[PDB]
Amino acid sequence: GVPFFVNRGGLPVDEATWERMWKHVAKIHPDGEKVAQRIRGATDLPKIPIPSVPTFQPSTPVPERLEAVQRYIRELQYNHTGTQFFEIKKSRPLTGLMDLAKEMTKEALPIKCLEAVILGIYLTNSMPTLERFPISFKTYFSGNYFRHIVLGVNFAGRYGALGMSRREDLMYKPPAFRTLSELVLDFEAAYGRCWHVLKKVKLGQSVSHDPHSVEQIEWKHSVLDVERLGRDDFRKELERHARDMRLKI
């Protein structure tokens, strides 16, 4: 899709990556140089509260906990700076990704969709009756392809999603959809309303609730070519994926 830079050296951001971030800002913002000159070195900038990591009473129903998890994710803000602040190697053992999610909560910087998936896993490992599985969507608009990922969830046989997007309709879904197909079709319709064609859906397996697991997340357990499949086989493949997940414990 559209390229972006990634901070690959931890925090604080190293000098070269920091300059690269501002050079990118000066390129794409019509007032890019003036923006840097106002912000860089300024001593009167707002203090940003560090968002409080939500903790849950055992009497609180899981869907209410998920609302709080999503509110926390949103509080960090979608990262529009052009530089991703945490590097996510998707094939890392879960325990390493959970260490990274912990650092996201300590450092409290803006994030994009994949970081939010990792954070959503970290913040729901305390909910063993909730199953979590990544859902990636590839869409098409005006000659370019777009990649998006959310954390699908299943509570008591109902499907929803957590995550981060620059669009309000492409992240949070309360766990109320009767079937996985209905959840994915809702995302497809949301994409269509903002004129994106849904091309591929990639669904992962259920993710362990053990933050010290050495297992990898299995991102691409089902890879569905929406137009090639057509409507009926699309639904059947999503039903099959939902069954596959019910058996991974």
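When you see a residue number, it is the position in the sequence shown, counting from 1. We call the rigid core whatever largest set of C-alpha positions still superposes within 1.5 Å between the two forms.
K.L.:
I'd like to know which segment deviates more from the shown structure in 5 other deposited structures of this protein: 178 to 186 or 32 to 40, using C-alpha RMS over all structures and residues after a core fit.
P.N.:
Larger mean C-alpha displacement, comparing 178 to 186 and 32 to 40 in 5 other deposited structures of this protein, is found in 32 to 40.
K.L.:
With the rigid core as the fit anchor, does 226 to 234 or 15 to 23 show bigger C-alpha shifts in 5 other deposited structures of this protein?
P.N.:
Higher root mean square deviation of C-alphas in 5 other deposited structures of this protein is shown by 15 to 23.
K.L.:
Where do the C-alpha atoms have the higher mean temperature factor in this entry, in 106 to 114 or in 175 to 183?
P.N.:
The deposited B-factors put 175 to 183 ahead on the C-alpha mean.
K.L.:
Compare the mean C-alpha B-factor of 191 to 199 with that of 32 to 40 as given in the PDB entry, and name the stretch with the higher value.
P.N.:
Per the PDB record, 32 to 40.
K.L.:
Which is it among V223, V69, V62, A26: the one with the largest CA B-factor in the entry?
P.N.:
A26 has the highest C-alpha B-factor of those listed.
K.L.:
Could you tell me which one of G143, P128, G120, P93 shows the highest CA temperature factor in the PDB record?
P.N.:
Going by the entry's C-alpha B-factors, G143 comes out highest.
K.L.:
Going by what the PDB entry lists, where does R167 fall on CA B-factor within its chain: lowest, middle or highest third?
P.N.:
Highest third - that is where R167 ends up once the chain's C-alpha B-factors are sorted.
K.L.:
Can you tell me whether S208 has a C-alpha B-factor in the lowest, middle or highest third compared with the other modelled residues of the same chain?
P.N.:
Lowest third.
K.L.:
Please say which third, lowest, middle or highest, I88 falls into when its CA temperature factor is compared across its chain.
P.N.:
According to the entry, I88 has a C-alpha B-factor in the chain's middle third.
K.L.:
Once the chain's modelled residues are ordered by C-alpha B factor and cut into thirds, is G82 in the lowest, middle or highest one?
P.N.:
Its C-alpha B-factor belongs to the middle third of this chain's values.
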